[PDB]
Amino acid sequence: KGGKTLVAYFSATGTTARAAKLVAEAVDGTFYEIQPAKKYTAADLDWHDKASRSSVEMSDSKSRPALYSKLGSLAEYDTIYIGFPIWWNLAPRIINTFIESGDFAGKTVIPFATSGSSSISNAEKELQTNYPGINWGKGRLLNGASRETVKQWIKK
Ligand SMILES: Cc1cc2nc3c(=O)[nH]c(=O)nc-3n(C[C@H](O)[C@H](O)[C@H](O)COP(=O)(O)O)c2cc1C
Ligand SMILES: [Cl-]
Ligand SMILES: [Cl-]
């Protein structure tokens, strides 16, 4: 009952959630939301305020926002897509909490993201460098995500 695909994603304002729905449909994967214990408020997401929760977390590479629930088994999956918004050219720190809360061995892991304009390159490189034991697959920025842009990425 293995060899399945998981599409895991974090989304604060729904943009990455909609791109992840399109990815899950395109790969016939299980749609899974990475849930913070404390949801990000408008004040938390204030990029201009150096004291906002997101500003503090993104200034600290060791920050690990807690998850809402413990992670279930990932044994049934051989492929895991991980989606997120780009925050300050990086994956939000909850993505580090997620990766550090399960066993990703023997799995292909593919990052995808949405952004205001930044590329996924730095965010992806930092994930590869911090988790060199994972079989990273080439990631993709999915801005203005549609059934057609996602179909093209998956069909190659
Ligand atoms: C704290 C914070 C930092 C951000 N930093 C970046 C950035 O470095 N580059 C970028 O192009 N967009 C940046 N954005 C914009 C988001 O990546 C973009 O709006 C994303 O699509 C939001 O996705 P979501 O609705 O799934 O949460 C930032 C947004 C927030 C809240
Ligand atoms: Cl709010
Ligand atoms: Cl690793």
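Cut-off values and rules
- Residues numbered from 1 in each chain as written, not as in the entry; some residues may be left out.
- Chains lettered and ligands numbered in written order.
- Heavy atoms only, no water.
- Residues with missing side-chain atoms left out of burial classes, pairs and counts.
- Core = buried A, V, L, I, M, F, W, Y, C linked by side-chain atoms within 4.5 Å.
- Buried < 20%, exposed > 50% of the residue type's maximum accessible area, 1.4 Å probe, protein only.
- Helix = DSSP H or I, 4+ residues; strand = E, 2+ residues; numbered from the N terminus.
- Contact = heavy atoms within 4.5 Å.
- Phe/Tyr/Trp six-rings, centres within 6.5 Å; stacked < 30°, edge-to-face > 60°.
- Near = heavy atom within 4 Å.
- Polar contact = N/O pair within 3.5 Å; in protein donor to acceptor, adjacent residues only side chain to side chain.
- Areas by Shrake-Rupley, 256 points an atom, 1.4 Å probe, with all protein chains shown as cover.
- Expected span 1.5 Å × (residues − 1).
- Arc of directions from axis to C-beta.

- Looking at the method and resolution fields of the entry, one finds X-ray crystallography and 1.5000 Å.

**Here's the deal with the nonpolar core**
Here is step 1 of the chain: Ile 34, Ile 82, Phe 84, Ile 95, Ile 99 and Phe 104 are the most contacted members of the largest nonpolar core, which has 30 residues in total.
Here is step 2 of the chain: Elements that contribute at least two residues to this core include exactly β1 (4-9), β3 (77-85), α3 (93-99), β4 (108-114) and α4 (121-130).
Here is step 3 of the chain: Setting aside chain neighbours within four positions, we find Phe 84 in contact with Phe 10, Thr 16, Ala 91, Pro 92, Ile 95, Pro 111, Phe 112, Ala 113, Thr 114, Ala 123 and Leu 127.
Here is step 4 of the chain: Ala 19, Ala 24, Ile 110 and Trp 153 belong to the second largest nonpolar core, which has 14 residues in total.

**Describing the packing of aromatic side chains**
Here is step 1 of the chain: For the coordinates displayed, the defined rule picks out nine aromatic pairs.
Here is step 2 of the chain: Judged by centre distance (6.5 Å) and plane angle (55 degrees), the ring pair of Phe 112 and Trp 153 falls under tilted. With a gap of 41 residues between them, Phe 112 in strand β4 and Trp 153 in helix α5 (residues 147-155) connect regions that are remote in the sequence. An identical accessibility class is assigned to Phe 112 and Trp 153; each is buried.

**Focus: unusual backbone geometry**
Here is step 1 of the chain: With a phi close to 50 degrees, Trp 88 is a non-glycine residue in the positive phi region.
Here is step 2 of the chain: Its place among the elements puts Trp 88 in the loop between β3 and α3.
Here is step 3 of the chain: The backbone phi angle of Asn 89 is positive, close to 65 degrees, even though this residue is not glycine.

**Points about the site of ligand 1**
Here is step 1 of the chain: Neighbouring residues of ligand 1: 18 residues in total, closest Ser 11, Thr 13, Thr 16, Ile 86 and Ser 117.
Here is step 2 of the chain: One nitrogen or oxygen atom from the main chain of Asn 89 is found 2.9 Å from an oxygen atom belonging to ligand 1.
Here is step 3 of the chain: Here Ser 118 contributes a backbone N or O atom positioned 2.8 Å from an oxygen atom of ligand 1.
Here is step 4 of the chain: Protein contact buries 82% of the 660 Å² of open area that ligand 1 shows by itself.

**Considerations on helix α1 (residues 15-27)**
Here is step 1 of the chain: Between the first and last C-alpha of α1 there are 19 Å, a value that for 13 residues agrees with the 18 Å anticipated at 1.5 Å per step.
Here is step 2 of the chain: Looking only at α1, the buried set comprises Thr 16, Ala 17, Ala 19, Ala 20, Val 23, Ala 24 and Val 27. All buried residues of α1 fall inside an arc of 160 degrees around its axis, so they share one side. Exposed side of α1, more than 90 degrees from the buried face: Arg 18 and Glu 25 are the residues found there.
Here is step 3 of the chain: In this structure, the buried residues of α1 make contact with β1, β2 (30-33), β3, β4 and α5.
Here is step 4 of the chain: Among the residues trailing α1, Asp 28 stands out with phi positive, at a value near 55 degrees.

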